[PDB]
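Engineer: Give me coordinates for this.
(chains A, B, C, D, E, F and G, ligands or ions: 3)
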Amino acid sequence: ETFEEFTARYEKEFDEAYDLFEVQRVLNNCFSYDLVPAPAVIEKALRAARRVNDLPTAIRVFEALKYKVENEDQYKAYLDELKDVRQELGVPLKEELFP
Amino acid sequence: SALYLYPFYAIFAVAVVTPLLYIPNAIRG
Amino acid sequence: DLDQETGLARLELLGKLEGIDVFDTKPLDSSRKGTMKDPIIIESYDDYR
Amino acid sequence: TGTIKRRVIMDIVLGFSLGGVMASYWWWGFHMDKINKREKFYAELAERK
Amino acid sequence: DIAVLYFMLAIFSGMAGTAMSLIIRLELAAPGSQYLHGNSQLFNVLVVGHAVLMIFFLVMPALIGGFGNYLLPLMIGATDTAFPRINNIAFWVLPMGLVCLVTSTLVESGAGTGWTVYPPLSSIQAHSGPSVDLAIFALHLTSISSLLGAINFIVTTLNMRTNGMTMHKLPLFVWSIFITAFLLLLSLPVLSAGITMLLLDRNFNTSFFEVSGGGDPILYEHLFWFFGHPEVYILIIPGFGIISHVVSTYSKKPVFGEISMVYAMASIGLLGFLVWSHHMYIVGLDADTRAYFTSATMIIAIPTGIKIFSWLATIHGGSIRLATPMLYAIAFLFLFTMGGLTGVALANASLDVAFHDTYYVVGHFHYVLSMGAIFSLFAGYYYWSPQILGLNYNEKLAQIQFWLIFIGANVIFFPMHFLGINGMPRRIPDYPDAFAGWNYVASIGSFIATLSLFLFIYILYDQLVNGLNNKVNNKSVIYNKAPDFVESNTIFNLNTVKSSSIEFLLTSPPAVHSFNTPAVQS
Amino acid sequence: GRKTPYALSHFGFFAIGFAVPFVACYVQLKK
Amino acid sequence: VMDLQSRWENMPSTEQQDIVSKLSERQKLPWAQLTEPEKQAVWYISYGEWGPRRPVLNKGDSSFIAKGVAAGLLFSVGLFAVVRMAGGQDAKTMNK
Ligand code: HEA
Ligand code: HEA
Ligand SMILES: [Cu+2]
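Structural biologist: Residues are numbered from 1 along each chain as shown, chains lettered A, B, ... in the order given. Ligands and ions are numbered 1, 2, ... in the order given. Below is the structure in question.
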């Protein structure tokens, strides 16, 4: 219900990924609540994206937080911490990609 | 059985034919 | 009222005294995972239920 | 809480405010036009017999 | 089953009723132009054919019973409606009443005296053109057929409850039309008795609603009120169910307040019988009585307000997908809030004394009943039609039909709130000279709306030709795009063919015998 | 039919359903 | 070997390929040696716009909607003008 028990409970439910649509469904519903996601939740999200053998959902989580990030300042802060996380990940921005 | 259903079908047939014969008298007097 | 056609009233009386109901009245929620590794089991007198 | 709580509070409170100012200028304008025109006409008909 | 012919007769009678709209408003354009018979010869006959044919033949069967006999058993999970013999009875009773009503129009003179035929001298003096007996028999058979379908819907959602649904989390259309038929029971046979009373008075000359013998018309006035007020609640409450489902599935399947919603619908079903009152407030009843009446119409105005605040919370915070039924639901909500506002306006004590039988009440009730009921029936057809009919409905023409209906019906029934307070009389064939303004633009709007009905006919003919690049999936996928299913289940039924996104899983078109296995709720 | 299973029966059916108030009004104006 | 070959590098240009499923089978997993002109391909193929995520109204259609509404309204008002304007009140002077 609060911030921290949310983070703990759905990271525990989130390391039960094992699959494509399972990790994508738990990403959907754990993203669609009434709180911004914790950075630890998105680190487990990128690690589960490495586990489930799929790259474009690791792009999709970033445009999802680009919508939900509610300002530009938290967006640049997430760009910083998620930037050196990308350097240890290998995932591109859409703005770096131009489809 | 149906041996009474046949004349019942007949009297129903005239009972739904003849009011349609009645309605031109209803519109024309 | 026995030996009449369509013995659906048999298994109401039969299932009334022995337990096994007539026309699969019972619900189900086996508190499961919904996962493809162990889905909910499907029993039928058919291949599709 | 968060953004949807801020938006329901700001949204419903500004909806109160906008409906209030629309109907308040409406009632002020037209009801005071009524008090001017009708009370002046009744003043003519009464004070001038 | 019964539903396809049940809808075809509704469309037939609807084009007949819009033709009556066309003729009536084409006469109402300018003073004494199109028709010489500015009297109850042919003109009050036309307005009664219009009103009783369209309310009884269109909104009543399609909104309660068409979606009933096709979509109550399919949403609750039933195989067929619980008495499968008397849906067939009631619906084939109906077009015999269509023949009876057009026979009431056809005969020599025409005793058509409005749809709310008040006795005192609608008696044997009018029965040289004896039409009004045929009109009250057409209303009597439509009365008992809706009664029969009401019993059938009640018993079907009582005994054939599939082992999913308890009585605590029911769907809104199912519980909606259960409340509708449970409300129809308590008001239909009173007016059936009033039909046989006043028919005995005008046939076998006992005359107790007439003048002689001290007969009093106010008993009939109470009676037809006590029927016709819950009649309009029958006219709107399955509409509220349909609007709940479309507001659900085109924005956000978590909707606001289910148990609150069904409590509010039971509150409307409770408080909606005992106020027959405002419709003739004016007649000279007692002051404490009419004040109690005015106080209780405010409390019938409360729970509908609670429901529309709930759907206002629902469309908030959801992924809207502006298809044609979502436009119907949002136009429904905007116009029905204003119609209930004017309901509170008319609902006061000392304002019906200035508003009775004028065009202000006419604009009000056309506003609530036309906008609400016909926008809901629009939403229902353009919503459930590719499921039943199997064909996709050419979304761009549905959009232009919606906009054309919206602007046409708005420019018809907005000028009546100006024409009414100045003191127009109701059912006037020839209005005074100072009222020629707004009736002209009302006539313009009537031609707009009947053009949109003809556009609907071209769309209904375009239901033949299987467009694939026009409309495929309501509630487009969230973040998936490789997985493929119907993307939403807020309860975990997922049994065989029934789920929480209810009855979108049958097939297109559904089979002649579905539901082999009983479904279960989580 | 060979030309009209439902190709013109929709148009013609709705033409009848729109034209029956016209013929009722016609025979009532003729009285 | 093991990387794609610019067979069709503009994936948002066509999904007119018959067997797109071979191109989906073609995909791999070494993670950031993916040759970004066909790392566009996995995002577009898995997340583009056809079937699901197809907009309700196409770009051409919205103008057709407004055009059809205005044309139907004009046909209604013009039909009203050319059906009847005849035989009203006595004269404007009489009103005066
Ligand atoms: C289905 C149609 C329908 C519906 C739902 C209603 C609903 C209501 N009607 Fe109406 N009415 C008719 C159709 C309908 N009516 C017809 C056909 C007639 C008579 C014509 C005749 O038969 O010839 C009639 C007649 C009629 C009269 C008779 C006056 C006269 O004859 O001149 C009055 C007066 O009280 C009235 C009032 C109301 C009220 C208070 C409601 C209420 O139920 C509405 C309440 C809804 C809300 C209030 C809206 C939601 C709330 C808000 C937007 C927010 C909060 C605001 C408030 C609660 C204050 N109606
Ligand atoms: C069913 C409800 C209903 C509807 C929809 C309408 C619609 C219209 N009505 Fe009428 N009307 C009444 C019910 C309705 N009316 C009642 C009860 C009276 C009072 C009678 C009296 O007291 O004598 C009345 C009275 C009335 C009067 C007389 C006023 C009086 O003195 O009180 C006039 C005047 O011209 C008029 C005109 C119109 C017009 C132009 C429309 C236009 O909106 C028509 C255009 C609308 C359509 C295009 C809808 C098409 C619908 C279908 C075919 C089926 C549904 C949906 C589809 C699947 C398409 N109406
Ligand atoms: Cu009422």
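
Engineer: Chain C against chain A: which residues are in contact?
Structural biologist: Counting by CB under 8 Å from any CB of the partner chain, the positions of chain C adjacent to chain A are C:35-37. Where C-beta positions appear, they are placed from N, C-alpha and C, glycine not excepted.

Engineer: no no, chain E
Structural biologist: Counting by CB under 8 Å from any CB, chain E comes close to chain A at E:478-480, E:482-483.

Engineer: List buried residues within the residues of chain C next to chain A.
Structural biologist: Among these, not one counts as buried by 16 or more other CB atoms under 10 Å in any protein chain shown.

Engineer: Buried ones only from the residues of chain E next to chain A, please, as a ChimeraX command.
Structural biologist: Of the residues of chain E next to chain A, the buried ones can be selected in ChimeraX as follows, counting by 16+ other CB under 10 Å:
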select /E:478,479,480,482
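
Engineer: Pick out the most distant pair among the residues of chain E next to chain A.
Structural biologist: The distance between the two most remote of the residues of chain E next to chain A (CB to CB) is 12.3 Å, for E:478 and E:482.

Engineer: Mind listing the shared neighbours of those two?
Structural biologist: In terms of CB atoms under 8 Å, 6 or more residues apart in numbering or on different chains, residue E:478 and residue E:482 are not both contacted by any residue.

Engineer: returning to that earlier point: put together CSV for the residues of chain E next to chain A, with distance to residue E:198 on each row.
Structural biologist: Output for these, formatted as CSV (distance: CB to CB, whole Å):
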residue, distance to residue E:198
E:478, 60
E:479, 64
E:480, 63
E:482, 68
E:483, 64
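
Engineer: which one of the residues of chain E next to chain A sits closest to ligand 1?
Structural biologist: Proximity of these to ligand 1 (CB to the nearest ligand atom) peaks at residue E:478, which lies at 32.5 Å.

Engineer: Where does the residue nearest to that closest one when sequence neighbours are not counted sit, in terms of helix or strand?
Structural biologist: Residue nearest to residue E:478 in three dimensions, not counting chain neighbours: residue A:28, with 5.6 Å by CB to CB, 6 or more residues apart in numbering or on different chains. Assigned by DSSP states H and E, residue A:28 falls within helix A:20-31.

Engineer: now residue F:15
Structural biologist: Assigned by DSSP H and E, residue F:15 belongs to helix F:9-30.

Engineer: what's that helix in contact with?
Structural biologist: Residues from elsewhere that reach helix F:9-30 (CB under 8 Å, 6+ apart): B:27, E:11-13, E:15-16, E:18-20, E:23, E:35-37, E:41-42, E:45-46, E:49, E:102, E:105-106, E:110, E:457, E:460-461, F:4.

Engineer: same check, this time on stretch E:178-188
Structural biologist: Contacts for stretch E:178-188 (CB under 8 Å, 6+ apart): E:64, E:143-144, E:146-147, E:149-151, E:153-154, E:157, E:226-227, E:230-231, E:233-234, E:237-238, E:265-266, E:268-269, E:272-273.

Engineer: where's residue G:33 relative to chain B, distance?
Structural biologist: 85 Å (CB to the nearest CB, to the nearest Å).

Engineer: Identify the residue spatially nearest to that residue, adjacent ones excluded.
Structural biologist: In this structure, residue G:33 finds its nearest non-sequential neighbour in residue G:3, 7.6 Å apart by CB to CB, 6+ apart.

Engineer: Repeat that for residue G:55.
Structural biologist: residue G:49 (7.3 Å).

Engineer: re earlier: do the helix holding residue F:15 and ligand 2 meet?
Structural biologist: No - using CB under 6 Å from any ligand atom, helix F:9-30 never reaches ligand 2; the gap is at least 9.5 Å.

Engineer: Can you tell me, leaving aside adjacent residues, what's nearest to residue C:43?
Structural biologist: residue C:49 (7.6 Å).

Engineer: and the gap between that neighbour and residue E:516?
Structural biologist: Relative to residue E:516, residue C:49 is positioned 8 Å away (CB to CB, to the nearest Å).

Engineer: Show me whatever sits in contact with both of those two.
Structural biologist: residue E:496.

Engineer: Can you report how many residues lie near residue E:281?
Structural biologist: By the criterion of other CB atoms under 10 Å in any protein chain shown, residue E:281 has 23 neighbours.

Engineer: Quick check, it in contact with residue E:293.
Structural biologist: Yes - with contact defined as CB atoms under 8 Å, residue E:281 counts as touching residue E:293 (6.8 Å).

Engineer: ok, then the element right after the host helix or strand of residue E:334?
Structural biologist: Per DSSP H and E: residue E:334 is located in helix E:324-346. Going down the chain from helix E:324-346, the next helix or strand is helix E:352-355, by DSSP H and E.

Engineer: Please name every helix or strand in contact with that following helix.
Structural biologist: Using 3 or more CB pairs under 8 Å, 6 or more residues apart in numbering or on different chains; DSSP states H and E, no helix or strand is in contact with helix E:352-355.

Engineer: near ligand 2, anything from that helix?
Structural biologist: No - looking at helix E:352-355 against ligand 2 by CB under 6 Å from any ligand atom, there are no contacts, and the closest approach is 12.7 Å.

Engineer: what's next to the very next helix or strand once past that helix, contact-wise?
Structural biologist: Sequence order places helix E:359-365 as the next helix or strand after helix E:352-355, per DSSP H and E. Outside of helix E:359-365, the residues within contact range by CB under 8 Å, 6+ apart are E:232, E:339, E:342-343, E:345-346, E:355, E:413-417, E:419-421, E:424, E:426.

Engineer: mind running it again at 7 Å?
Structural biologist: If you take CB atoms under 7 Å, 6 or more residues apart in numbering or on different chains as the criterion, helix E:359-365 is touched by E:339, E:342-343, E:346, E:355, E:413, E:416-417, E:419-421, E:424, E:426.

Engineer: how many other residues sit next to the residue of chain F found nearest chain B?
Structural biologist: Proximity to chain B, evaluated over chain F using CB to the nearest CB, is greatest for residue F:27 at 7.6 Å. A count of neighbours around residue F:27, defined by other CB under 10 Å, yields 15.

Engineer: sorry, back to before: could I get the buried residue list for the helix holding residue F:15?
Structural biologist: Buried residues in helix F:9-30 (16+ other CB under 10 Å): F:10, F:14, F:17-18, F:20-21, F:24-25, F:28.

Engineer: so how many other residues sit close to residue G:33?
Structural biologist: So residue G:33, with other CB under 10 Å, has 11 neighbours.

Engineer: Find the helix or strand that the nearest residue to residue E:482 once chain neighbours are set aside is a member of.
Structural biologist: With sequence-adjacent residues excluded and distances taken as CB to CB, 6+ apart, residue E:482 is closest to residue G:46, at 5.4 Å. Taking DSSP H and E as the criterion, residue G:46 maps to helix G:40-47.

Engineer: Kindly confirm whether my reading is correct that residue E:25 touches residue E:442.
Structural biologist: Yes - in this structure, residue E:25 is within contact of residue E:442 by CB atoms under 7 Å, at 6.4 Å.

Engineer: Dump the helix holding residue F:15 to CSV, keeping only the CA atoms.
Structural biologist: This file holds the C-alpha atoms of helix F:9-30, laid out as CSV (Å, rounded to 0.1, in the frame of the first residue of the first chain):
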residue,chain,number,x,y,z
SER,F,9,-35.1,-6.1,-49.7
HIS,F,10,-33.3,-3.8,-47.2
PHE,F,11,-33.9,-0.7,-49.4
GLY,F,12,-37.4,-1.8,-50.4
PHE,F,13,-38.4,-2.9,-46.9
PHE,F,14,-37.3,0.4,-45.5
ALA,F,15,-39.1,2.2,-48.4
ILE,F,16,-42.3,0.5,-47.3
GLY,F,17,-41.6,1.3,-43.7
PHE,F,18,-41.1,5.0,-44.5
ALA,F,19,-44.0,5.2,-47.0
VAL,F,20,-46.8,3.7,-44.9
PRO,F,21,-47.3,7.0,-42.9
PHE,F,22,-47.5,8.7,-46.3
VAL,F,23,-50.3,6.5,-47.6
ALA,F,24,-52.0,6.5,-44.2
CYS,F,25,-51.9,10.4,-44.2
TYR,F,26,-53.1,10.3,-47.9
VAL,F,27,-56.1,8.2,-47.2
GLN,F,28,-56.9,10.1,-44.1
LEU,F,29,-56.7,13.5,-45.9
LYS,F,30,-58.9,12.1,-48.6
